[PDB]
Amino acid sequence: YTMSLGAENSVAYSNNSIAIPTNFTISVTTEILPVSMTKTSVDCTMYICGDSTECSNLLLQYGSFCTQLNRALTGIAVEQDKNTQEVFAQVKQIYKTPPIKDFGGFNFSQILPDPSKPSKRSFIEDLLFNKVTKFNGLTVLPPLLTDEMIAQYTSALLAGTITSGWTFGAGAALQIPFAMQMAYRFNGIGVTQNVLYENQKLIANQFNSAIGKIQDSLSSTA
Amino acid sequence: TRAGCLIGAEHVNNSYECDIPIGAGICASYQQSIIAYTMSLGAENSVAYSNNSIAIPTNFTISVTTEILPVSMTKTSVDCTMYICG
Amino acid sequence: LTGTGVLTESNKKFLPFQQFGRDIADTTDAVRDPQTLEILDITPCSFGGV
Amino acid sequence: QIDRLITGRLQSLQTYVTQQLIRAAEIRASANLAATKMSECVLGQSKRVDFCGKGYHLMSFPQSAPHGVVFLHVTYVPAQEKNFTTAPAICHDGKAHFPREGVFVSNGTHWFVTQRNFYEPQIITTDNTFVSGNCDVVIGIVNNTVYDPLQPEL
Amino acid sequence: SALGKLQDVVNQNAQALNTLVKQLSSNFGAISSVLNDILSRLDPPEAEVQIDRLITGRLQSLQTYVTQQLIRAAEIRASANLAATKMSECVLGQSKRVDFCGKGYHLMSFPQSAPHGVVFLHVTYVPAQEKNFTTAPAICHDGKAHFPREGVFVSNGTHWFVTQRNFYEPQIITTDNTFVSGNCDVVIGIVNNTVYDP
Ligand SMILES: *[C@@H]1O[C@H](CO)[C@@H](O[C@@H]2O[C@H](CO)[C@@H](O)[C@H](O)[C@H]2NC(C)=O)[C@H](O)[C@H]1NC(C)=O
Ligand SMILES: *[C@@H]1O[C@H](CO)[C@@H](O[C@@H]2O[C@H](CO)[C@@H](O)[C@H](O)[C@H]2NC(C)=O)[C@H](O)[C@H]1NC(C)=O
Ligand SMILES: *[C@@H]1O[C@H](CO)[C@@H](O[C@@H]2O[C@H](CO)[C@@H](O)[C@H](O)[C@H]2NC(C)=O)[C@H](O)[C@H]1NC(C)=O
Ligand SMILES: *[C@@H]1O[C@H](CO)[C@@H](O[C@@H]2O[C@H](CO)[C@@H](O)[C@H](O)[C@H]2NC(C)=O)[C@H](O)[C@H]1NC(C)=O
Ligand SMILES: *[C@@H]1O[C@H](CO)[C@@H](O[C@@H]2O[C@H](CO)[C@@H](O)[C@H](O)[C@H]2NC(C)=O)[C@H](O)[C@H]1NC(C)=O
Ligand SMILES: *[C@@H]1O[C@H](CO)[C@@H](O[C@@H]2O[C@H](CO)[C@@H](O)[C@H](O)[C@H]2NC(C)=O)[C@H](O)[C@H]1NC(C)=O
Ligand SMILES: *[C@@H]1O[C@H](CO)[C@@H](O[C@@H]2O[C@H](CO)[C@@H](O)[C@H](O)[C@H]2NC(C)=O)[C@H](O)[C@H]1NC(C)=O
Ligand SMILES: *[C@@H]1O[C@H](CO)[C@@H](O[C@@H]2O[C@H](CO)[C@@H](O)[C@H](O)[C@H]2NC(C)=O)[C@H](O)[C@H]1NC(C)=O
Ligand SMILES: *[C@@H]1O[C@H](CO)[C@@H](O[C@@H]2O[C@H](CO)[C@@H](O)[C@H](O)[C@H]2NC(C)=O)[C@H](O)[C@H]1NC(C)=O
Ligand SMILES: *[C@@H]1O[C@H](CO)[C@@H](O)[C@H](O)[C@H]1NC(C)=O
Ligand SMILES: *[C@@H]1O[C@H](CO)[C@@H](O)[C@H](O)[C@H]1NC(C)=O
Ligand SMILES: *[C@@H]1O[C@H](CO)[C@@H](O)[C@H](O)[C@H]1NC(C)=O
Ligand SMILES: *[C@@H]1O[C@H](CO)[C@@H](O)[C@H](O)[C@H]1NC(C)=O
Ligand SMILES: *[C@@H]1O[C@H](CO)[C@@H](O)[C@H](O)[C@H]1NC(C)=O
């Protein structure tokens, strides 16, 4: 068939008609972005020649191709650790959430770490790590940051934003009650606080349910 | 280590900022002798969070930092006939 | 079958007609010795960067 | 025969390195975008449309992935919307009374100043409107009373 | 090492060129890298084969150089596009993007020409000599649930003020700096206090 681009929608436009929202959803969506790939290394001599001295006596007339090839792969491997540092090591001081998690009805249990410890990871991070799955001179170099360190960086970014809003990004982490942080964020989108405070339980039930649908979507869809 | 066998460095329980990256969270430093350790991501900071407490700045700094960005590389030309055949 | 490596005693269960076992990407990673029929596991000799 | 083997294997290794360099640059652009999203979606609230989720970005949560990062974008998605009659400005004593922050909306009979993203009517007052010019200029002038808060007290 | 990034580019160029030159002294499986030697001590039917081997090796070296130059040029182009974006949004304006024009709240950036690139001097407002206060989402006066217009309700041990969020400047609660919405039943952390009527 000829594909459909969508459903035609003639907007009810007039020179004196407006549509105003009387409600809201509070939506949580996920974005997945690769940050690094495997740090691989090749011994060009052992790949091309292996253990043969005869081939090793040759391949010297070919020049510095081997020194040029493993220099490029080394630059790639060094860049992968630089990629992870730029993404995750964006935080000074490893922030921790308080033992009393009173965030105005908002429930971050599935994104905060659990001490049951499939590493110091969250419930969502445990779902993520299960969902996605040396010879001839080929070696794989471990990343400088372990998965436990990245999850520690991630939990510090998460603890800072829950407790201190955007202040920790600029300077020192300044504590602010949650749902007072959320009232600031409604002001950023043109909603006049107030709508948050008068709908604080609805805005929370909508947030917690939307977070719950992520763990279902991650567990269900391959 | 997970990166391999390290000979000539002494492992310590202490954790510091990474100085010479070895891998798998292991870094090396010079104190007298060369030490190998698990790198520290930073200083733990439990922010004094409450449902009715706020922190307000009473002053400021005015910081000036520098960011260096490459914009161009050397414009080179190779006469392939001259290079290959002279 | 000529090669280099370390020959551990293996628990691979070869069928009687077979004489050696290959892996993915076709690398000989097991073999049964002609005398005293028994499967051996080949692992490459230790190597790396320094 | 060794030179033929060397030439083929060397070409195979050059091919591998070239495609790794091209893929590494592709990953680096992804890592730079992920580092920009951490700064602008997690460490702040972004005004850029569709940069941090679909809707009006409120706040994002990073989650660690084996070779990447997962952002949990929390956005304010409006709509249980309704329709209303609208005027650019309101004429009262010939002063044109534009709204300070919201929009003029109308029921079948009455007019209000609601905020543009949430419906919250509020009556027309001098506190939430400002006066500029007379009523001859603006095309969509609509007559209405503008309530002076001070006058009832006096 | 402050300008290391710029230095890197220079090195990454020079080394490459060096390799290219040092690929002119490789036999590539021929009798010599000096082509005049091959012509001098060989009959052209065999010198042709030797010249062909040298040609293949040198051509492969030059193709490798050109490919790596194209990849590095794409990297430099991405860097230059980022630098142009920073010139537009940090120097020609004030950016609200976090950490795009330095760490802190961006005030203004200054360009400086660097020998083979650009340097941005980002002046940002870094807050903090901070203090701790008690906050309320709203203030309850006459049962009307007042909210701050532009700042935040903060408390000393005894009194309440409306301060701006990034600098401490108390100011007493008034009808001019608050707006009324609803009654006092809904807001969870609402606190009793008087709001001053000018
Ligand atoms: C705005 O939408 C929410 C749904 O997100 C409405 O809340 C629901 O209301 C129905 C009955 O009115 C209940 O059965 C649901 O349990 C509610 N959902 C939640 C998450 O609380 C809300 O009523 C709407 N408000 C307006 C003014 O339309
Ligand atoms: C936040 O949500 C989690 C799960 O979504 C809640 O954890 C449950 O807590 C109850 C009792 O507190 C236990 O019986 C369950 O076993 C827990 N897990 C699940 C999957 O239900 C947690 O209680 C919520 N937080 C708050 C404050 O309600
Ligand atoms: C080859 O023949 C020799 C000599 O008999 C075998 O060695 C002995 O074989 C008997 C019978 O199988 C065993 O009971 C002994 O234990 C074996 N001795 C040793 C030292 O192994 C040998 O197994 C035969 N190899 C074959 C058939 O592959
Ligand atoms: C538009 O809004 C006005 C003001 O809210 C509505 O007029 C009010 O209607 C209610 C009906 O319950 C009465 O109790 C009030 O006394 C009315 N206020 C007046 C007359 O000043 C009007 O009905 C609305 N129009 C609609 C919904 O079509
Ligand atoms: C908005 O559009 C309507 C629709 O055309 C305009 O209404 C016309 O107004 C002229 C003169 O005012 C009349 O002659 C027409 O008969 C009207 N047409 C209809 C269909 O009503 C109106 O003028 C426009 N501008 C406004 C409302 O400010
Ligand atoms: C406002 O209502 C009046 C009549 O009810 C109209 O405006 C009048 O226009 C005439 C002709 O220019 C003037 O002489 C009157 O002084 C005006 N009266 C006012 C401004 O109150 C007109 O129908 C309405 N204005 C609109 C719809 O924009
Ligand atoms: C918090 O600030 C208020 C106001 O700055 C302080 O109240 C003042 O207390 C002195 C002591 O007698 C009075 O003279 C002032 O008139 C008060 N100011 C008023 C009423 O506006 C209060 O003491 C401070 N609390 C602290 C520092 O804990
Ligand atoms: C903010 O948190 C405090 C501490 O958890 C809450 O104080 C509790 O309030 C309930 C009922 O008001 C009491 O039964 C508890 O004994 C209190 N706990 C403590 C430790 O004092 C408070 O309710 C929360 N909300 C506010 C202040 O609006
Ligand atoms: C404000 O103070 C009063 C008592 O000093 C309390 O609120 C009272 O609550 C009762 C029961 O609902 C009502 O009958 C009174 O009219 C209320 N008085 C008011 C609102 O002034 C309560 O301790 C305080 N309110 C808070 C902390 O929200
Ligand atoms: C600390 O170092 C000492 C001596 O190096 C060692 O015996 C001990 O196991 C280490 N760890 C702890 C927890 O003490
Ligand atoms: C109300 O606005 C227009 C008025 O012409 C109407 O046709 C349309 O169906 C309605 N739109 C909404 C959002 O209900
Ligand atoms: C909204 O649109 C409907 C359908 O066109 C119409 O009947 C109604 O009057 C409109 N209301 C307003 C106030 O625009
Ligand atoms: C004030 O609040 C807490 C209360 O325990 C205190 O520990 C903290 O140091 C103070 N906050 C700041 C950032 O000054
Ligand atoms: C700030 O923290 C200090 C030290 O923990 C505490 O004594 C004080 O009561 C706190 N003040 C406020 C208003 O939160």
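Per Swiss-Prot, chain D residues shown: 992-1145, in order.
Method reported for this entry: electron microscopy, 3.2 Å.
Cβ from N, Cα, C; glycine included.
Annotated features in Swiss-Prot:
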DISULFID  D:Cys1032-D:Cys1043  disulfide bond
DISULFID  D:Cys1082-D:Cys1126  disulfide bond
CARBOHYD  D:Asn1074  N-linked glycosylation site
CARBOHYD  D:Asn1098  N-linked glycosylation site
CARBOHYD  D:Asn1134  N-linked glycosylation site
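Taking the features listed in Swiss-Prot, we show where each one sits on the structure.
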{"residue": "D:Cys1032", "record": "disulfide bond", "DSSP (3 states)": "helix"}
{"residue": "D:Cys1043", "record": "disulfide bond", "DSSP (3 states)": "coil"}
{"residue": "D:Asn1074", "record": "N-linked glycosylation site", "DSSP (3 states)": "strand"}
{"residue": "D:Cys1082", "record": "disulfide bond", "DSSP (3 states)": "strand"}
{"residue": "D:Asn1098", "record": "N-linked glycosylation site", "DSSP (3 states)": "coil"}
{"residue": "D:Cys1126", "record": "disulfide bond", "DSSP (3 states)": "coil"}
{"residue": "D:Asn1134", "record": "N-linked glycosylation site", "DSSP (3 states)": "strand"}
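With an 8 Å limit on C-beta distances, the recorded positions from D:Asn1074, D:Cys1082, D:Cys1126, D:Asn1134 that reach chain A are D:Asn1074. Each of the disulfide-bonded residues D:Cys1032, D:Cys1082, D:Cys1126 was scored by the number of other CB atoms within 10 Å of its CB, and the largest score is that of D:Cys1032. Taking CA atoms as the reference points, D:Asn1098 (N-linked glycosylation site) and D:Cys1043 (disulfide bond) are 36 Å apart. Counting in whole angstrom, D:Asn1074 (N-linked glycosylation site) lies 26 from D:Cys1126 (disulfide bond) by their C-alpha atoms. Among the recorded positions D:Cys1032, D:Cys1043, D:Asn1074, D:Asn1098, D:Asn1134, the residues whose Cβ sits under 6 Å from any atom of ligand 6 are D:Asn1134. Counting Cβ atoms from all protein chains shown, D:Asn1134 (N-linked glycosylation site) has 10 others lying within 10 Å of its own Cβ. Its own atom aside, the Cβ of D:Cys1043 (disulfide bond) has 26 Cβ atoms within 10 angstroms in the protein chains shown. Taking the Cα atom of each, D:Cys1082 (disulfide bond) and D:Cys1032 (disulfide bond) are about 43 angstrom apart. When the Cα atoms are compared, D:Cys1126 (disulfide bond) and D:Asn1134 (N-linked glycosylation site) turn out to be 9 Å apart. Here D:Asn1134 (N-linked glycosylation site) is positioned 42 angstrom away from D:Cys1043 (disulfide bond), judged by their C-alpha atoms.
Cα to Cα, D:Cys1032 (disulfide bond) and D:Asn1134 (N-linked glycosylation site) are separated by 44 Å. Close to ligand 4, meaning a Cβ under 6 Å from one of its atoms, are these of the recorded positions D:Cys1032, D:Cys1043, D:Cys1082, D:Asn1098: D:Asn1098. Cβ neighbour count for D:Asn1098 (N-linked glycosylation site): 10 (other Cβ atoms within 10 Å of its Cβ, all protein chains included). Screening the recorded positions D:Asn1074, D:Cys1082, D:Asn1098, D:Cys1126, D:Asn1134 for a C-beta under 6 A from any atom of ligand 11 leaves D:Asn1074.
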